[PDB]
Amino acid sequence: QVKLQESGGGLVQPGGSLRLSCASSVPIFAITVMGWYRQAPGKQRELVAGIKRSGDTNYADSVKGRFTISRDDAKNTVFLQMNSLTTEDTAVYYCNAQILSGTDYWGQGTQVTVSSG
């Protein structure tokens with residue numbers, strides 16, 4: 001019965017930054033792993049970053065050092081700060097909550113489009 005909602009995507013210049021938000025209907029401490037995925041139409045879905053209840057973070061190689069995933073317990077939101085964006089980063093970005101108490105839940109996704117203009 002868990003609901004997830006992404007926000008914060010949109011258009012951004014190459015080299016620019018965005019901060020995605022994933023708000024949760026349940027306390028995020030109840031979520032074992034929260035992760036950010038991305039998928040562009042025609043390609044495979046790709047794990048971008050994850051964060052455990054403890055706070056341990058793992059990132060895809062392509063985003064290491066550019067993206068940062070974090071838990072905001074007070075706002076009950078998991079953020080993905082995305083820096084130094086390029087056209088390779090254009091995709092719909094999805095939030096995923098793992099609640100091992102073993103079930104999966106996803107948000108509707110938010111479009112990120114990196115284009116120089």
# chains A, B, ... in the order shown; residues from 1 in each chain; ligands from 1
>>> residues_around(residues="residue A:111", least_positions_apart="6", cutoff="7 Å", atoms="only C-alpha atoms", output="JSON, numbers by chain")
{"A": [9, 10, 91, 92, 93]}
>>> write_last_selection(atoms="C-alpha atoms", output="PDB file, in the first residue's frame")
ATOM      1  CA  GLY A   9      12.933  16.854 -13.164  1.00  0.00           C
ATOM      2  CA  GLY A  10      12.779  18.903 -16.322  1.00  0.00           C
ATOM      3  CA  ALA A  91      15.893   9.720 -19.305  1.00  0.00           C
ATOM      4  CA  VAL A  92      12.885   9.268 -17.071  1.00  0.00           C
ATOM      5  CA  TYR A  93      14.094   8.816 -13.490  1.00  0.00           C
TER       6      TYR A  93
END
>>> residues_around(residues="stretch 102-110 of chain A", least_positions_apart="3", cutoff="7 Å", atoms="only C-alpha atoms", output="PyMOL selection string")
chain A and resi 2+4-7+9+92-99
>>> write_last_selection(atoms="N, CA and C atoms", output="PDB file, in the first residue's frame")
ATOM      1  N   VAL A   2       2.118   1.109  -0.402  1.00  0.00           N
ATOM      2  CA  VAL A   2       3.096   2.191  -0.363  1.00  0.00           C
ATOM      3  C   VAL A   2       3.004   3.005  -1.645  1.00  0.00           C
ATOM      4  N   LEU A   4       4.846   6.260  -3.844  1.00  0.00           N
ATOM      5  CA  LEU A   4       6.043   7.058  -4.054  1.00  0.00           C
ATOM      6  C   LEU A   4       5.768   8.099  -5.129  1.00  0.00           C
ATOM      7  N   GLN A   5       6.367   9.277  -4.969  1.00  0.00           N
ATOM      8  CA  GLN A   5       6.125  10.387  -5.884  1.00  0.00           C
ATOM      9  C   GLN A   5       7.430  11.112  -6.171  1.00  0.00           C
ATOM     10  N   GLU A   6       7.840  11.116  -7.437  1.00  0.00           N
ATOM     11  CA  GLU A   6       9.027  11.845  -7.857  1.00  0.00           C
ATOM     12  C   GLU A   6       8.660  13.257  -8.292  1.00  0.00           C
ATOM     13  N   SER A   7       9.601  14.175  -8.101  1.00  0.00           N
ATOM     14  CA  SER A   7       9.463  15.541  -8.583  1.00  0.00           C
ATOM     15  C   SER A   7      10.857  16.120  -8.778  1.00  0.00           C
ATOM     16  N   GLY A   9      12.334  17.016 -11.856  1.00  0.00           N
ATOM     17  CA  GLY A   9      12.933  16.854 -13.164  1.00  0.00           C
ATOM     18  C   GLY A   9      12.639  18.034 -14.074  1.00  0.00           C
ATOM     19  N   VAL A  92      13.846   9.193 -18.160  1.00  0.00           N
ATOM     20  CA  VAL A  92      12.885   9.268 -17.071  1.00  0.00           C
ATOM     21  C   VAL A  92      13.512   8.611 -15.852  1.00  0.00           C
ATOM     22  N   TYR A  93      13.468   9.295 -14.715  1.00  0.00           N
ATOM     23  CA  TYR A  93      14.094   8.816 -13.490  1.00  0.00           C
ATOM     24  C   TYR A  93      13.017   8.328 -12.532  1.00  0.00           C
ATOM     25  N   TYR A  94      13.186   7.107 -12.029  1.00  0.00           N
ATOM     26  CA  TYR A  94      12.185   6.445 -11.208  1.00  0.00           C
ATOM     27  C   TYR A  94      12.712   6.229  -9.798  1.00  0.00           C
ATOM     28  N   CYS A  95      11.800   6.305  -8.837  1.00  0.00           N
ATOM     29  CA  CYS A  95      12.079   5.986  -7.447  1.00  0.00           C
ATOM     30  C   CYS A  95      11.607   4.569  -7.153  1.00  0.00           C
ATOM     31  N   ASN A  96      12.403   3.828  -6.382  1.00  0.00           N
ATOM     32  CA  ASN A  96      12.072   2.458  -6.014  1.00  0.00           C
ATOM     33  C   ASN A  96      12.304   2.259  -4.525  1.00  0.00           C
ATOM     34  N   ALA A  97      11.312   1.689  -3.846  1.00  0.00           N
ATOM     35  CA  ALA A  97      11.394   1.405  -2.419  1.00  0.00           C
ATOM     36  C   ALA A  97      11.326  -0.099  -2.213  1.00  0.00           C
ATOM     37  N   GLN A  98      12.326  -0.647  -1.528  1.00  0.00           N
ATOM     38  CA  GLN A  98      12.345  -2.053  -1.146  1.00  0.00           C
ATOM     39  C   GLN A  98      11.981  -2.168   0.328  1.00  0.00           C
ATOM     40  N   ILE A  99      10.913  -2.894   0.616  1.00  0.00           N
ATOM     41  CA  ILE A  99      10.452  -3.112   1.983  1.00  0.00           C
ATOM     42  C   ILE A  99      10.473  -4.618   2.207  1.00  0.00           C
TER      43      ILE A  99
END
>>> closest_residue(among="A:101, A:54, A:25, A:84", to="residue A:70", atoms="only C-alpha atoms")
A:54
>>> select_by_dssp(residues="chain A", states="helix (DSSP H, G or I)", output="list in words")
residues 28, 29, 30, 61, 62, 63, 87, 88 and 89 of chain A
>>> write_last_selection(atoms="C-alpha atoms", output="PDB file, in the first residue's frame")
ATOM      1  CA  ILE A  28      11.367   6.095   4.964  1.00  0.00           C
ATOM      2  CA  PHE A  29      13.033   4.392   7.938  1.00  0.00           C
ATOM      3  CA  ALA A  30      10.580   1.557   7.261  1.00  0.00           C
ATOM      4  CA  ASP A  61      30.024   4.012 -12.223  1.00  0.00           C
ATOM      5  CA  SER A  62      28.741   6.538 -14.767  1.00  0.00           C
ATOM      6  CA  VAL A  63      27.354   8.772 -12.020  1.00  0.00           C
ATOM      7  CA  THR A  87      23.008  14.440 -22.829  1.00  0.00           C
ATOM      8  CA  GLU A  88      23.866  10.892 -21.710  1.00  0.00           C
ATOM      9  CA  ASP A  89      21.750  11.583 -18.608  1.00  0.00           C
TER      10      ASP A  89
END
>>> select_by_dssp(residues="chain A", states="strand (DSSP E or B)", output="number ranges by chain")
A: 4-7, 10-12, 18-24, 33-39, 46-52, 57-59, 64, 67-72, 77-82, 91-99, 103-106, 110-114
>>> residues_around(residues="residue A:12", least_positions_apart="5", cutoff="10 Å", atoms="only C-alpha atoms", output="number ranges by chain")
A: 17-18, 85-87, 90, 112-117
>>> atom_distance(atom1="atom CA of residue A:68", atom2="atom CA of residue A:83")
8.5 Å
>>> closest_residue(among="A:27, A:55, A:41, A:65", to="residue A:77", atoms="only C-alpha atoms")
A:27
>>> residues_around(residues="residue A:59", least_positions_apart="2", cutoff="7 Å", atoms="only C-alpha atoms", output="PyMOL selection string")
chain A and resi 48-50+57+61+63-64
>>> write_last_selection(atoms="N, CA, C and O atoms", output="PDB file, in the first residue's frame")
ATOM      1  N   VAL A  48      20.826   3.877 -10.826  1.00  0.00           N
ATOM      2  CA  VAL A  48      21.637   5.085 -10.727  1.00  0.00           C
ATOM      3  C   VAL A  48      22.265   5.221  -9.350  1.00  0.00           C
ATOM      4  O   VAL A  48      23.474   5.416  -9.226  1.00  0.00           O
ATOM      5  N   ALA A  49      21.456   5.116  -8.300  1.00  0.00           N
ATOM      6  CA  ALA A  49      21.957   5.265  -6.944  1.00  0.00           C
ATOM      7  C   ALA A  49      20.975   4.607  -5.989  1.00  0.00           C
ATOM      8  O   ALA A  49      19.774   4.541  -6.262  1.00  0.00           O
ATOM      9  N   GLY A  50      21.504   4.110  -4.876  1.00  0.00           N
ATOM     10  CA  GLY A  50      20.675   3.521  -3.846  1.00  0.00           C
ATOM     11  C   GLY A  50      21.165   3.950  -2.479  1.00  0.00           C
ATOM     12  O   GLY A  50      22.307   4.384  -2.313  1.00  0.00           O
ATOM     13  N   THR A  57      25.446   4.363   0.740  1.00  0.00           N
ATOM     14  CA  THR A  57      25.055   4.742  -0.609  1.00  0.00           C
ATOM     15  C   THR A  57      25.927   4.019  -1.624  1.00  0.00           C
ATOM     16  O   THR A  57      27.131   3.845  -1.409  1.00  0.00           O
ATOM     17  N   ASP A  61      28.712   3.458 -11.881  1.00  0.00           N
ATOM     18  CA  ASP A  61      30.024   4.012 -12.223  1.00  0.00           C
ATOM     19  C   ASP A  61      29.861   5.312 -12.998  1.00  0.00           C
ATOM     20  O   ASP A  61      30.588   6.282 -12.758  1.00  0.00           O
ATOM     21  N   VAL A  63      27.807   7.633 -12.781  1.00  0.00           N
ATOM     22  CA  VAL A  63      27.354   8.772 -12.020  1.00  0.00           C
ATOM     23  C   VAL A  63      28.130   9.050 -10.756  1.00  0.00           C
ATOM     24  O   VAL A  63      27.914  10.023 -10.114  1.00  0.00           O
ATOM     25  N   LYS A  64      29.053   8.172 -10.446  1.00  0.00           N
ATOM     26  CA  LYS A  64      29.860   8.384  -9.281  1.00  0.00           C
ATOM     27  C   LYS A  64      30.599   9.696  -9.353  1.00  0.00           C
ATOM     28  O   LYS A  64      31.282   9.998 -10.335  1.00  0.00           O
TER      29      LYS A  64
END
